[PDB]
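Residue numbers (the working numbering), protein chains in the order written: chain A, 1 to 94; chain B, 1001 to 1134; chain C, 2001 to 2574; chain D, 3001 to 3581; chain E, 4001 to 4189; chain F, 5001 to 5015. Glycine included, each C-beta is placed from N, C-alpha and C at the ideal position.
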Ligand SMILES: Nc1ncnc2c1ncn2[C@@H]1O[C@H](COP(=O)(O)OP(=O)(O)OP(O)(O)=S)[C@@H](O)[C@H]1O
Ligand SMILES: Nc1ncnc2c1ncn2[C@@H]1O[C@H](COP(=O)(O)OP(=O)(O)OP(O)(O)=S)[C@@H](O)[C@H]1O
Ligand SMILES: Nc1ncnc2c1ncn2[C@@H]1O[C@H](COP(=O)(O)OP(=O)(O)O)[C@@H](O)[C@H]1O
Ligand SMILES: [Mg+2]
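Next comes the structure, spelled out in structure tokens:
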């Protein structure tokens, strides 16, 4: 590891432990590789509540395809959007 | 200096007054850390050393981490803090051979350096499993 | 780390003399060594069970020869804490370690758990390990002198160290640190208690030495620590319930026998947390049931194992025979002494449940000098990566390496049922390749085993021909002596039974900084029905009766009319 | 300074048993320098690469040390570069090979150089794609440095290992490490010579007959273990000479002129030294012990004669040369090399099965035969050797042990307890071993030596042991004859008639130690009783095997060792007759 | 493994056949382990050809031994170099170079043994040393070729003693294998 | 898996 990132972790940890109990600042942080963040910030009093963001299931992909389709001039019937939902097991919203 | 060497900054809103149902281990933990700091004249009279090690074991969510954090915030007073190091057996670099020994030696150096210390290993069987395993 | 010297170590006095001729005699008298032009040994491997004083001996060696004139510089390494990710930096750290050990020429390096630093080299393992073992081998005995550097290594199993590290030049000698006997446990308890304000008497500290069978030195240290802590909890409990400092006086706390009993209850030794049998003495309740049979066994073992002779092999230390005795002005007599051992085998058979689990442990208690190697099933199937045949071979190897030794097989009737027959043949071939004078006792205890697997069955190659002892059922007099303690508990008045009595007051503050009616014709009746009930019983069948009657008697522990208790005891035995 | 350390000025005559290799070394380091035109007379390049390999303490580092002392002399400047195992790895990874090249560049600079790579298997292992790329890139750098396109110069590279197969096989090639010198555990002549080298500046020397007995008693000892034997004997002699200096921290006045290492000091050292070739396994095979020599010496002599007839041990008119250079010096040249073929034709199929009763001392006979075969390389195919590996199979263990016998000949494949070994080895493993044996040439000097109890001829003629040609090689161990039993028990009747003043019960010092200054009746034993106890002792043991005789002898030795102080041995004799009858 | 290694391989790929033309640059790579070379490096445009250098056959071993013993002042018979080529299966070129080297060194050690026991120069006559058949046979007994150091030895031809017992049937099996396998390289060399 | 790293970035920091 470099020095400058190691010192960035060494100050972000001390800033998170400095934040008071009457919680008025919340730090949200996002990653696609959670066991590649430093282990220290996952310790109690730090980034400790997690939200897993899985790949969508079939009804979620149906809603996403509807959302992408919404503002087209010529429309798409809901049966075709359901078929395209069942064909895409493994497809994120991107 | 570049390792996992930071003290976990405990909060004073965790003590034994927030733990439920575990009073024997609290009373056994007072003679382990708190009373040798508070009464060093008595442990020296029998020339005894208190036990520097304890294994908390049980099902998840029963308060082993809470007991350790309350132990840290119990005798951290009278301008005499307890420096709390917490490691875990689930780290990506914990099974990293060559590096993990360096990190452990540096952790124990920095725990000897901040003299009243607590090292808490959250999943010690991830770090020290049975050598006769499969 | 504490200051220690050789007087804080108990019962390892043979090895302290061997260490003196390797670290301190070459400094004092270099001309005695270069008279024979012999380099002093500078490598020793301390190995044995944990808690037996290996690190303590390594520290006492450094702080003993260190004085005004010469300082012995002590270097300690933990078990592979020298390792970085790039193996070249770990090479440079071992190389810089030996270079700075050579800069302070009088020095000692201690490698604690050196099997973790230096395993047996293999290609089916990472190259960092073979690289560090190669540079360790070339730093200990390479083409240049390493200086006056003494290398000490500790391990629990010496066979996991690389074998090129076990040869003269590097780790020349290997000292086995055994679990202490009664005499050394006595001396360790005296060592731990000698700085106490009020000391223990000799009768209680010898009672402690006999009560702590199976304890290593770390066990006895933690026992004395827990007894002092229980005495602190008993004397001034208020310090465990206040936020800040109170006022206590050290004059009041004295460690009593009951504190040591409560510490003996909660301290578990590393023999009792292993998986084999624990060589305890015969328990005080069943001792009238099996003492007579057990005594016969001690005579048989004295006969076959020559425990009562000890007229040639009295070598406690090789120096100590030079200190008090005199050198003889044929030595075939030692071969006629070794020739009294022929093939020590002993199978103890008996009926089902006849106290074999007590007898085997009491016999292993009687063979204090012996290295007990266990071949029960739970000791072979315990390690998961170790197969059964390999485990049996390893068990025999460690018995062969450290003689006098026992190869102990409890539950032999189960053992020949689960162990596959080609492991019994491997063990029989292992015992068949022994010289006759070799003191490896084969001690098996069986339960309703026939004689037919011994004569022409599976155990014919082991030669339990005239070495079969029969545990028989206890006699009527043994049963009378057994149940006498039960009726003595029945005769105990409720004044004598220890009530955990409550307090009459609170505890003072510490400031800031009749006739127990029982006629002896009724006692004769319960005695007669207890004897009449237990006709041809085994030890466990007697313990069932003793437990049910002790339950009935402990019901009415505070009653002064013992009539209905007697009626309930005669109602049960019917 | 360490005044008691290893001396660096070791010459080549403080190495015992390695005299071919010293001459073969001195034509790599010295003779191309003195006579460059002889190599120019052919087109030959001298061999500049040698790998020392063998068991630890065999003197591999001692030969490099003696060589570095030899090159630290006048009239020839030879720079010596000593490298330990993987000390060339830098603190970073980009510089490690840059270090190694730098070594050779510097080695090429001083132009006659020697590089000694001690523990070279830790520097250059077998190149693996699953290991680490740095440990293959260092090997590739070393391979292209010992012989790339350009000349490396007049640099002699010496490696040293005890695991040569853990070196990359491209490195052991003419032009890098041409020669491979095998340093064996020394034989009796070399153990004698090392024992003479260790005890040669001693004040009062060891006698030559005692050094012979010490060379016989030590077996499996390397040179390191022989030096440890002499050191422990000297230390035991010091601590029975002056035991006061062990109980006093301050220096006392001691002269090392009253200290003479006696014979019993060496016997006490031999009781306590475990050689390095026996620390991992159990122990070493020993000669036939002195008590049972009457029972088995006459059969063991017939076995030894049969074995050196079969294996041609006794002659060696071609082999066992101490140095071939002395053979060129001291023996004329002949001035048609099938006489070698007729000489090697005297080994057809060395097999020997020793069969006997159920308790007839087969473990003693096997160990004594394994001591008689000193040059041979014993591979132990017992069950306790095959199953003592959870990792390896007992099909691979049989095959690896046979290939270890085949690679380093002469060798013995030793199967003790063959009657057990049939029943608990699966049938196809016995078929697999048989296949390896038939793959060999008749003149291969790999002996198959088997010991068995009550194994019939029906297994050997037509059975699983039929593919090993055991037809004529079937030596039967008889039970001990009556003369052997009589000589066995006469050593015990000699214990019955010893004087209690003559048993070596050594007595306490009645007086204190001569403290050092600091410095600033008769036995009532009738000879008729002796003849009576001898008669009943013989006619009790009528047709006994060796272990039954050891049982009787142990019981009677117990009875005699009870009354070891009594001047009346008359209760003892009737106690023995009460026991036996 | 590390990224320095895959980064060097990716740079070598882009420099051998990348976007820019590399010029009239021949690239040669020697290796003992060709399957430890990246497989994208073994394709036309970068290492088009792959020359497999085998252990030499009988004619090539004869020719290598003829090159090695060429400037020897006392030459060697062609029948003996055919005999040495027959006996060296599994020898590389380095092993035959060492075979002639050790044979010459045994001849030097036998002619002037006194030099190996001196410390200064002793006026050796260089013209009276002669490499004989016996020195080559001792050097054959001495030498393990590099193909057989780690493993066992190579399959050797029929031994000189039992060759009456088996040579006449071995010639039949040789005839059968020549007919079966076209061993004589029938018009295709 | 254990392999080492480059001597760390020089941080020229002058321009
Ligand atoms: N034989 C002994 N005599 C006196 N005190 C002893 C003895 N054995 C152990 N102790 C005490 O118990 C403690 C236990 O530590 P050690 O005995 O050094 O552990 P060890 O097993 O010898 O070595 P390790 O496992 O590498 S720490 C010592 O520090 C002593 O205080
Ligand atoms: N042939 C020998 N003659 C005389 N002394 C010997 C001989 N072999 C070994 N020694 C002695 O034993 C010591 C150890 O020898 P080493 O050469 O260090 O062994 P080694 O071959 O290097 O074994 P390893 O593989 O390094 S453990 C030497 O310093 C000598 O004192
Ligand atoms: N026995 C308990 N008494 C009081 N609170 C508890 C107890 N067990 C768990 N908790 C609450 O749950 C939280 C998380 O439990 P935790 O200590 O992480 O369990 P574990 O040690 O098994 O991982 C604690 O911070 C505490 O507030
Ligand atoms: Mg060496």
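To the nearest angstrom, how far is it from the Cα of residue i to the Cα of residue j?
i, j, result
"residue 5013/F", "residue 4/A", "14 Å"
"residue 3083/D", "residue 3152/D", "18 Å"
"residue 3328/D", "residue 4110/E", "6 Å"
"residue 2204/C", "residue 2257/C", "8 Å"
"residue 4188/E", "residue 3464/D", "50 Å"
"residue 2131/C", "residue 3127/D", "14 Å"
"residue 1047/B", "residue 2225/C", "9 Å"
"residue 2219/C", "residue 2194/C", "17 Å"
"residue 2022/C", "residue 1074/B", "50 Å"
"residue 2259/C", "residue 2566/C", "36 Å"
"residue 3377/D", "residue 2133/C", "27 Å"
"residue 91/A", "residue 67/A", "15 Å"
"residue 3429/D", "residue 3421/D", "11 Å"
Closer than 8 Å by beta-carbon distance: list the chain F residues that pair up with residue i, in chain order.
i, result
"residue 3/A", "5008"
In chain E, which residues lie with their C-beta within 7 Å of the C-beta of residue i?
i, result
"residue 3172/D", "4146 and 4149"
Give me whichever residues DSSP pairs with residue i in a beta bridge.
i, result
"residue 2176/C", "2047/C"
"residue 3079/D", "3113/D"
"residue 4143/E", "Per DSSP, none; premise fails for residue 4143/E."
"residue 3475/D", "3354/D"
"residue 2408/C", "2374/C and 2443/C"
"residue 3386/D", "None, per the DSSP bridge assignment."
Going along chain A, which residues have a C-beta under 8 Å from residue i?
i, result
"residue 1078/B", "Per Cβ cutoff of 8 Å: no residues; residue 1078/B is ~21 Å from chain A at best."
Whose Cβ in chain D lies nearer than 7 Å to the Cβ of residue i?
i, result
"residue 4134/E", "3337"
"residue 2422/C", "3424"
List the residues of chain D that residue i touches, going by C-beta distances under 9 Å, in chain order.
i, result
"residue 4064/E", "What residue 4064/E touches in chain D: nothing, since even the nearest Cβ is about 13 Å away."
"residue 2121/C", "3121, 3122, 3163 and 3166"
Quick one: which chain B residues come within Cβ less than 9 Å of residue i?
i, result
"residue 6/A", "1001, 1002 and 1003"
"residue 5015/F", "Correct list: empty, because the minimum Cβ distance to chain B is about 27 Å."
Going along chain D in order, which residues have a C-beta closer than 8 Å to the C-beta of residue i?
i, result
"residue 2008/C", "What residue 2008/C touches in chain D: nothing, since even the nearest Cβ is about 16 Å away."
Name the chain C residues whose beta carbon is nearer than 9 Å to that of residue i?
i, result
"residue 1027/B", "2233, 2240 and 2241"
Q: Mind checking the region 3026 to 3056 of chain D against chain E and listing, in chain order, the residues whose C-beta falls within less than 9 Å of any C-beta there?
A: When CB distances to chain E are screened at a threshold of 9 Å, the residues of the region 3026 to 3056 of chain D falling below it are 3026, 3027, 3030, 3031, 3034, 3035, 3037, 3038, 3039, 3040, 3041, 3042, 3043, 3044, 3045, 3046 and 3047, in chain order.
Q) Between the region 50 to 61 of chain A and chain B, which residues of the former have CB atoms less than 7 Å from a CB of the latter, in chain order? A) none
Q. Between the region 9 to 34 of chain A and chain B, which residues of the former have a C-beta closer than 9 Å to a C-beta of the latter?
A. Hits within the stretch, in order: 9, 10, 13, 14, 16, 17, 18 and 21.
**Q.** Proximal residues, the region 1082 to 1105 of chain B versus chain F, C-beta separation under 8 Å
**A.** 1096, 1097, 1098 and 1099
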